[PDB]
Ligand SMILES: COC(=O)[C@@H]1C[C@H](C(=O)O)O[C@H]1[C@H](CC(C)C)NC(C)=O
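To begin, one chain is listed below as structure tokens, in the form solved without the named molecule.
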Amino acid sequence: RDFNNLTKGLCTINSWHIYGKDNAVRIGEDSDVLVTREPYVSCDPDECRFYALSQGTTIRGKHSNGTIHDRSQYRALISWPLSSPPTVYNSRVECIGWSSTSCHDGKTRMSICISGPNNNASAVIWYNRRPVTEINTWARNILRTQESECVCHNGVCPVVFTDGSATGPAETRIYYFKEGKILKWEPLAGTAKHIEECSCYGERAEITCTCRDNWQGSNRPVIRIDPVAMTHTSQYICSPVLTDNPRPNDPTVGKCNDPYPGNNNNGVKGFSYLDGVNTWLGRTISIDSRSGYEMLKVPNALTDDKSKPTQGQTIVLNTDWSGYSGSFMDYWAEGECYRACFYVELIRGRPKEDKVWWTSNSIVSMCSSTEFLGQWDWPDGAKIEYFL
């Protein structure tokens, strides 16, 4: 009932524990479950919820054929109860569009959807279930945003937007919103060459986003935002542990202010928790495809260009598919510190499972533990052959 403020630091992450899992495509083989992709999680002061971009069809209905394509007029941002499947009967529609981000400021929720032709898109900013501000395309080539939650501090919620090429220079701007109104916006600054799909968190009055360079880095770019002064900077994560996909093998030394060369023009959304010695990175196991997922503790990843792993935990084995991953935390949980959390999208269907005509996914999510806990793997679990 007053605005949240990032007062705490992160707890120490000694391992990760299961937080949510919806088993969507299993249950979707015989229930009215919606086809989705681009998932995230976001909390409110009294409940956390699962989020995604619908495709306007059930998995087993005939309009599922073709849902590999990303933008169209039938997609919408939807949220459902934690660890339930996105079902026709139990989902809330937030706004209409094919790209999105959402966060609670402590009083109410802000949600952003973007819709349009490639060359004439727009974003409209919803605050307390109502349309309030609208922005139109500035560079005229797919105005897109985070695909996971934003973070607010005392009313200001910064969002990163990118408009222009995915294959060369683009135009990225950080917008600072308070109650749906634009307070100010800046263009991208610092040394990062290209920004797409930022995964963000906040602690001790500072916001950290780990993003996706699609043009040329296999190492990830980092934007650090100050919500009071409303300024930002960018860098790349120095560590030679590379974390985009596809990517070349890991080198011995890495790069702090330049992209690491090797693959060009493709990527995946990812995250990291950058906190000195208490720094963990997530990545696909495969260097060629989005398959397998693992967490690795690389002390001082951001600042040391020779930093190797000290500890790890496998989340999805290499034989199963992963997809986008992103950060969230529950800033309304009781405690001295913020507990870190993430999610991994588990895509099933096309492109890799060519025997079906659709593309959908489930979620698995995880939070930290100060305890050193044993691990298990968390695969989607459907058998594609039942859908034939």
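The numbering used is simple: start at 1 and walk along the sequence shown.
Just so you know, the form deposited with the named molecule bound exists too; it's not on screen, but the next bit is about it.
Asker: Quick one: the named molecule borrowed from its pose in the entry with it bound and superimposed here by the pocket C-alphas, is it open or blocked (3 or more atoms within 2.4 Å of backbone/C-beta)?
Answerer: Open.
Asker: Can you tell me whether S111 touches the named molecule? I mean in the entry with it bound, with a 4.5 angstroms heavy atom cut-off.
Answerer: It does not: once the named molecule is placed as it appears in the entry with it bound, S111 has no heavy atom within 4.5 Å of it.
Asker: Can any non-hydrogen atom of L53 be found within 4.5 angstroms of the named molecule in the entry with it bound?
Answerer: Output for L53 is yes: heavy atoms within 4.5 Å of the named molecule.
Asker: In the entry with it bound, does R144 have a heavy atom within 4.5 Å of the named molecule?
Answerer: Close contact exists here: in the entry with it bound, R144 approaches the named molecule to within 4.5 Å, heavy atoms only.
Asker: Tell me, yes or no, whether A166 is in contact with the named molecule in the entry with it bound, where a contact means a heavy atom of each within 4.5 Å.
Answerer: Looking in the entry with it bound, residue contacts with the named molecule include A166, since a heavy atom lies within 4.5 Å.
Asker: With the partner left out here, if you bring back the named molecule in the entry with it bound, are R220, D258 and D304 all within 4.5 Å of it by some heavy atom?
Answerer: None of them does, since no heavy atom lies within 4.5 Å of the partner.
Asker: In terms of non-hydrogen atoms within 4.5 angstroms, which of the given stretches 80 to 88, 270 to 278, 200 to 208, 144 to 152 touches the named molecule in the entry with it bound?
Answerer: That would be 144 to 152.
Asker: Just give me the single entry in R224, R173, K193, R71 that has a non-hydrogen atom within 4.5 angstroms of the named molecule in the entry with it bound.
Answerer: Spelling it out, the residue with a heavy atom inside the cut-off is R71.
Asker: Quick one: from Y127, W98, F161, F177, grab the residue that has a heavy atom within 4.5 Å of the named molecule in the entry with it bound.
Answerer: The residue from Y127, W98, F161, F177 that makes the contact is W98.
Asker: Only counting heavy atoms and a 4.5 Å limit, does any residue of 303 to 341 reach the named molecule in the entry with it bound, and if so which ones?
Answerer: Counting only heavy atoms within 4.5 Å of the named molecule in the entry with it bound, the single contacting residue of 303 to 341 is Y324.
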